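Notes for the one structure printed next.
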Amino acid sequence: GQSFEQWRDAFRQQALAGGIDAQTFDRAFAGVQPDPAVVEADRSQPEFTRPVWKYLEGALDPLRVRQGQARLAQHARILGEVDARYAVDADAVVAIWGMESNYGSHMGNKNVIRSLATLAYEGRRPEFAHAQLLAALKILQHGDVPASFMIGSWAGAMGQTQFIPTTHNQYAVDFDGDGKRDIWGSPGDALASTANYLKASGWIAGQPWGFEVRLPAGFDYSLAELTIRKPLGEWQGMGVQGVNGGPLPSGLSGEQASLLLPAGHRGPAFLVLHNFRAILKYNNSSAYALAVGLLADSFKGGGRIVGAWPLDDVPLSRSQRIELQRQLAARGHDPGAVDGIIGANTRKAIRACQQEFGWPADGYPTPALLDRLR
Ligand SMILES: CO[C@@H]1O[C@H](CO)[C@@H](O[C@@H]2O[C@H](CO)[C@@H](O)[C@H](O)[C@H]2NC(C)=O)[C@H](O[C@H](C)C(N)=O)[C@H]1NC(C)=O
Ligand SMILES: CC(=O)N[C@@H]1[C@@H](O)[C@H](O)[C@@H](CO)O[C@H]1O
Ligand SMILES: [Ca+2]
C-alpha cells in the first residue's frame with residue numbers, strides 16, 4: 001500500500017487469513033507508525049567495518065567475561081538442568097547469551113511489531129519482514145509475552161536470545177512451568193531455548209568448537225576455507241601442530257575440521273570443528289562464532305590467543321570491497337557478482353590474485369592488495 005495505513009489494512013487481511021485473531025492484530029498494532037531509525041539501520045550497508053581484532057576486544061571485554069562467570073554461578077541449578085537435558089555445554093549457552101544481549105541487559109529498545117511492520121512496508125527485504133511479522137503475531141496470540149514487552153533489535157531479533165520470530169516459534173522452550181515461552185523476562189526459558197537451538201544446530205557436548213594451531217612454514221594457505229573440511233589427523237599430517245608445537249588433541253583424530261585465518265597468514269590460525277558450525281547457524285558470521293568460542297573458553301580461564309594480531313590490518317569498507325571485486329575481475333580473476341561481499345567466490349579470486357603476486361594465498365583482502373591493483 002502507498003500510505004502505512006493502506007499497507008496495514010492490506011496486511012491485516014493476510015494476517016487474518018493466516019490465523020491471527022482480529023483483537024491480537026489490533027492490540028499489536030495499536031499505536032504503531034513507521035520507525036525511521038529502523039529504516040536507517042536497514043539502509044546502513046556498513047561501509048567502515050571490523051577488524052575481527054576490534055570486534056573481539058568488545059566481545060571478550062573482561063567486564064563481559066566476569067559478568068558471564070557471575071551468571072554461571074547465579075543460574076547454576078538452571079544451567080545444570082539445561083546442560084543435562086539438552087546435552088549442550090553451559091559455557092557455550094552463557095557465551096551466546098552474553099554475545100546476544102549481554103546476559104539480558106541489552107535486549108534492545110524497539111517494539112518488534114513496529115520494527116517488522118516498518119521493514120515490511122518500506123525496507124530492503126520485505127519478504128523476510130512479512131514472514132517474521134506474521135510469526136510474531138502468532139507469538140502474541142499464544143500469549144508468550146504481552147505486545148508492550150515484545151522488545152528486540154531493529155531487525156526483529158527478540159529478547160534475551162535475539163531469536164527472530166520464526167526461530168522462536170520453532171525452538172523456544174518453556175522451562176518452568178507456566179505455559180509461556182518467555183525469552184524476554186525468564187532466564188530459564190531463555191537459556192533452555194538457546195540450548196535447544198544449539199542442540200538442533202548439531203551441538204556435541206564436551207567437544208571443542210575449535211582451537212588455535214601453529215601452521216608450518218610455506219603452508220598452503222589455499223586450504224584455509226570453511227567449505228574445506230579434513231580430519232584432524234590429516235591436518236596433523238600436513239604439519240599442523242598444537243599452538244606451542246607438538247600433537248593435536250588425541251581422540252579427535254577423525255573429527256572433520258576447517259582452518260580459519262581471521263586476519264590472514266600473519267595472524268592467528270584456528271582449526272574449527274563441528275560445534276563452530278553449530279554456532280554459525282545461530283549467527284552466520286565466523287567473527288561471531290570465534291568470539292563465542294573464545295568467550296566460553298574464557299569463563300574457565302582459557303580463550304588466550306598465542307599468535308599476535310597483525311598491527312597493519314585495516315578492514316576494507318563497503319566501497320573498497322566493491323572496488324576490489326572490480327579490480328579482480330579486470331585482471332582476469334573472477335570474484336563472481338560484484339556484491340561488496342567477500343564470500344567463497346571472491347576469496348577464490350583473491351587467492352589466484354595473491355599467487356600471481358607471489359604472496360601467500362590466504363584469500364584475505366588487505367588494503368596493501370588493493371594498492372597493488374593500481
Ligand atoms: C555491550 O556490548 C554490545 O552488546 C550488544 C548486546 O550483546 C551487542 O549487540 C548484539 O550483537 C549480536 C552479535 O554481535 C547480535 O546478534 C545481536 O542482535 C545484538 N544485540 C542487540 C540487542 O542488538 C553489541 O554488538 C554490536 C554488533 C555493536 N553495536 O557493536 C555489543 N557491542 C560491542 C561494541 O561489543
Ligand atoms: C538466533 C536466531 O534467530 N538466529 C537467526 C537464524 O536462525 C536465521 O537463519 C538468520 C536469518 O536472518 O538470522 C539469525 O539471526
Ligand atoms: Ca515460561
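Chain labels follow the order of the C-alpha cells: the first chain is A, the next B, and so on; residue numbering restarts at 1 in every chain, and ligands are counted from 1 in their shown order.
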
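Summary of the local environment: counting only C-alpha atoms, residues at most 6 Å from range 356-373 of chain A, other than itself and those fewer than 2 positions away along its chain, are residues 221, 222, 264, 347, 350, 351, 353 and 354 of chain A.
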
Since we have the selection now, will you write its residues out, keeping N, CA and C atoms, as a compact mmCIF listing (two decimals), in the first residue's frame?
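Dumped everything to selection-v5.txt:
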```
# COMPACT_ATOMS: atom_id res chain seq x y z
N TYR A 221 48.09 -21.92 1.97
CA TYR A 221 47.04 -21.15 2.61
C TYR A 221 45.71 -21.31 1.84
N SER A 222 45.74 -21.98 0.69
CA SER A 222 44.52 -22.26 -0.08
C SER A 222 43.51 -23.05 0.71
N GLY A 264 44.31 -13.26 8.10
CA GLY A 264 45.29 -13.77 7.17
C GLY A 264 46.51 -14.44 7.78
N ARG A 347 37.00 -14.77 -2.43
CA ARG A 347 38.21 -15.30 -1.82
C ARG A 347 39.02 -16.13 -2.83
N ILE A 350 40.72 -13.68 -4.87
CA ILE A 350 41.80 -13.03 -4.11
C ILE A 350 43.01 -13.97 -4.13
N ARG A 351 42.80 -15.23 -3.74
CA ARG A 351 43.88 -16.22 -3.75
C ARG A 351 44.61 -16.36 -5.10
N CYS A 353 44.76 -14.17 -7.27
CA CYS A 353 45.44 -12.90 -7.45
C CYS A 353 46.69 -12.83 -6.59
N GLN A 354 46.63 -13.39 -5.38
CA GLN A 354 47.76 -13.30 -4.42
C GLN A 354 48.92 -14.17 -4.97
```

- Task: Pick out the residues no farther than 6 Å from ligand 2, counting only C-alpha atoms and all ligand atoms, and list them as a PyMOL selection string.
- Result: chain A and resi 162-164+167+282-283

Could you save the residues just selected, with C-alpha atoms, as a PDB file, in the first residue's frame?
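As a result, out-v4.pdb now contains:
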```pdb
ATOM      1  CA  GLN A 162      17.806 -12.471  19.941  1.00  0.00           C
ATOM      2  CA  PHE A 163      15.665 -15.103  18.249  1.00  0.00           C
ATOM      3  CA  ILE A 164      13.814 -13.917  15.194  1.00  0.00           C
ATOM      4  CA  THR A 167      13.108 -19.332  15.197  1.00  0.00           C
ATOM      5  CA  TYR A 282      22.923 -19.274  15.362  1.00  0.00           C
ATOM      6  CA  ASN A 283      24.558 -16.323  13.671  1.00  0.00           C
TER       7      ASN A 283
END
```

- Message: When you look at residue 14 in chain A with a cut-off of 12 Å (counting only C-alpha atoms), what residues show up, excluding the ones that are within fewer than 3 positions of it in the same chain? I need them as an NGL selection string.
- Response: :A and (7-11 or 17-22 or 25 or 130-131 or 133-134 or 137)

Please dump the current selection as a PDB file, in the first residue's frame; keep N, CA and C atoms.
```
ATOM      1  N   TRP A   7      -0.962  -0.051   3.634  1.00  0.00           N
ATOM      2  CA  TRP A   7      -0.184  -1.276   3.809  1.00  0.00           C
ATOM      3  C   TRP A   7      -0.792  -2.071   4.998  1.00  0.00           C
ATOM      4  N   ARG A   8      -1.052  -1.372   6.102  1.00  0.00           N
ATOM      5  CA  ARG A   8      -1.535  -2.042   7.325  1.00  0.00           C
ATOM      6  C   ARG A   8      -2.864  -2.732   7.118  1.00  0.00           C
ATOM      7  N   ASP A   9      -3.796  -2.020   6.471  1.00  0.00           N
ATOM      8  CA  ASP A   9      -5.138  -2.529   6.233  1.00  0.00           C
ATOM      9  C   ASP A   9      -5.087  -3.754   5.344  1.00  0.00           C
ATOM     10  N   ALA A  10      -4.197  -3.716   4.342  1.00  0.00           N
ATOM     11  CA  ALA A  10      -3.942  -4.864   3.457  1.00  0.00           C
ATOM     12  C   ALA A  10      -3.299  -6.021   4.194  1.00  0.00           C
ATOM     13  N   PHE A  11      -2.265  -5.725   4.987  1.00  0.00           N
ATOM     14  CA  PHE A  11      -1.585  -6.782   5.737  1.00  0.00           C
ATOM     15  C   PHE A  11      -2.513  -7.476   6.745  1.00  0.00           C
ATOM     16  N   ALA A  17      -6.186 -14.260   7.360  1.00  0.00           N
ATOM     17  CA  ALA A  17      -6.225 -15.500   6.576  1.00  0.00           C
ATOM     18  C   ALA A  17      -5.193 -16.513   7.051  1.00  0.00           C
ATOM     19  N   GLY A  18      -4.170 -16.022   7.739  1.00  0.00           N
ATOM     20  CA  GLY A  18      -3.131 -16.889   8.252  1.00  0.00           C
ATOM     21  C   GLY A  18      -3.317 -17.285   9.703  1.00  0.00           C
ATOM     22  N   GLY A  19      -4.418 -16.856  10.317  1.00  0.00           N
ATOM     23  CA  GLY A  19      -4.796 -17.355  11.635  1.00  0.00           C
ATOM     24  C   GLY A  19      -4.667 -16.395  12.805  1.00  0.00           C
ATOM     25  N   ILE A  20      -4.400 -15.125  12.541  1.00  0.00           N
ATOM     26  CA  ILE A  20      -4.335 -14.157  13.602  1.00  0.00           C
ATOM     27  C   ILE A  20      -5.767 -13.655  13.953  1.00  0.00           C
ATOM     28  N   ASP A  21      -6.135 -13.768  15.226  1.00  0.00           N
ATOM     29  CA  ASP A  21      -7.386 -13.215  15.747  1.00  0.00           C
ATOM     30  C   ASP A  21      -7.377 -11.716  15.573  1.00  0.00           C
ATOM     31  N   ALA A  22      -8.519 -11.170  15.160  1.00  0.00           N
ATOM     32  CA  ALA A  22      -8.656  -9.736  14.955  1.00  0.00           C
ATOM     33  C   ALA A  22      -8.193  -8.893  16.138  1.00  0.00           C
ATOM     34  N   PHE A  25      -4.351  -8.719  16.390  1.00  0.00           N
ATOM     35  CA  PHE A  25      -3.809  -7.767  15.423  1.00  0.00           C
ATOM     36  C   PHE A  25      -3.932  -6.367  15.978  1.00  0.00           C
ATOM     37  N   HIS A 130       7.794  -9.698   6.295  1.00  0.00           N
ATOM     38  CA  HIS A 130       6.414 -10.122   6.297  1.00  0.00           C
ATOM     39  C   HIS A 130       6.284 -11.435   6.976  1.00  0.00           C
ATOM     40  N   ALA A 131       7.161 -12.351   6.598  1.00  0.00           N
ATOM     41  CA  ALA A 131       7.254 -13.669   7.234  1.00  0.00           C
ATOM     42  C   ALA A 131       7.453 -13.580   8.757  1.00  0.00           C
ATOM     43  N   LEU A 133       6.949 -10.858  10.772  1.00  0.00           N
ATOM     44  CA  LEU A 133       5.818 -10.159  11.343  1.00  0.00           C
ATOM     45  C   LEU A 133       4.642 -11.091  11.614  1.00  0.00           C
ATOM     46  N   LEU A 134       4.283 -11.893  10.621  1.00  0.00           N
ATOM     47  CA  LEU A 134       3.259 -12.896  10.807  1.00  0.00           C
ATOM     48  C   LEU A 134       3.598 -13.854  11.969  1.00  0.00           C
ATOM     49  N   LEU A 137       3.107 -12.175  15.241  1.00  0.00           N
ATOM     50  CA  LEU A 137       1.706 -12.078  15.726  1.00  0.00           C
ATOM     51  C   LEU A 137       1.234 -13.395  16.347  1.00  0.00           C
TER      52      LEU A 137
END
```

- Going by DSSP on the backbone, which bits of range 126-289 of chain A are alpha helix (DSSP H)? Write them as a PyMOL selection string, please. chain A and resi 126-142+165-171+187-200+232-236+274-280+286-289

Interface rows for chain A against ligand 3: nearest pair, Å to one decimal, 10 Å, only C-alpha atoms and all ligand atoms, as a tab-separated table:
```
residue	atom	partner	partner_atom_place_in_ligand_line	distance
A:144	CA	ligand 3	1 (Ca)	7.9
A:145	CA	ligand 3	1 (Ca)	9.9
A:172	CA	ligand 3	1 (Ca)	9.8
A:173	CA	ligand 3	1 (Ca)	7.5
A:174	CA	ligand 3	1 (Ca)	4.2
A:175	CA	ligand 3	1 (Ca)	5.6
A:176	CA	ligand 3	1 (Ca)	4.9
A:177	CA	ligand 3	1 (Ca)	5.8
A:178	CA	ligand 3	1 (Ca)	5.0
A:179	CA	ligand 3	1 (Ca)	5.8
A:180	CA	ligand 3	1 (Ca)	4.2
A:181	CA	ligand 3	1 (Ca)	4.8
A:182	CA	ligand 3	1 (Ca)	5.3
A:183	CA	ligand 3	1 (Ca)	8.1
A:184	CA	ligand 3	1 (Ca)	9.9
A:185	CA	ligand 3	1 (Ca)	8.8
A:186	CA	ligand 3	1 (Ca)	6.5
A:187	CA	ligand 3	1 (Ca)	9.0
A:188	CA	ligand 3	1 (Ca)	7.3
A:189	CA	ligand 3	1 (Ca)	5.5
A:190	CA	ligand 3	1 (Ca)	8.9
```

May I have the selected residues written with C-alpha atoms, as an mmCIF file, in the first residue's frame?
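Result written to selection_16.cif:
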```cif
data_model
loop_
_atom_site.group_PDB
_atom_site.id
_atom_site.type_symbol
_atom_site.label_atom_id
_atom_site.label_comp_id
_atom_site.auth_asym_id
_atom_site.auth_seq_id
_atom_site.Cartn_x
_atom_site.Cartn_y
_atom_site.Cartn_z
ATOM 1 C CA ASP A 144 4.227 -15.814 25.427
ATOM 2 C CA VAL A 145 4.578 -12.107 26.052
ATOM 3 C CA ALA A 172 11.802 -21.521 22.082
ATOM 4 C CA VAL A 173 11.131 -23.506 25.222
ATOM 5 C CA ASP A 174 9.040 -23.094 28.331
ATOM 6 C CA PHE A 175 11.474 -24.291 31.033
ATOM 7 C CA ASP A 176 9.146 -23.683 34.024
ATOM 8 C CA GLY A 177 6.103 -24.301 34.357
ATOM 9 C CA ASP A 178 3.782 -21.659 33.227
ATOM 10 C CA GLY A 179 2.757 -22.151 29.618
ATOM 11 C CA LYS A 180 4.842 -19.220 28.292
ATOM 12 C CA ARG A 181 7.957 -19.336 26.200
ATOM 13 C CA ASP A 182 9.152 -16.087 27.633
ATOM 14 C CA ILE A 183 12.556 -15.266 26.187
ATOM 15 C CA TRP A 184 12.150 -11.710 27.439
ATOM 16 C CA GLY A 185 11.693 -11.986 31.179
ATOM 17 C CA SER A 186 12.651 -15.544 32.024
ATOM 18 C CA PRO A 187 16.258 -16.653 32.146
ATOM 19 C CA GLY A 188 15.122 -20.298 32.369
ATOM 20 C CA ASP A 189 13.135 -20.122 29.144
ATOM 21 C CA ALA A 190 15.896 -18.107 27.527
#
```

- Query: Which residues form the shell of 8 Å around ligand 1 when you count only C-alpha atoms and all ligand atoms, given as a ChimeraX atom specification?
  - Reply: /A:55-59,61,97-103,105-109,152-154,157-159,162,283,288
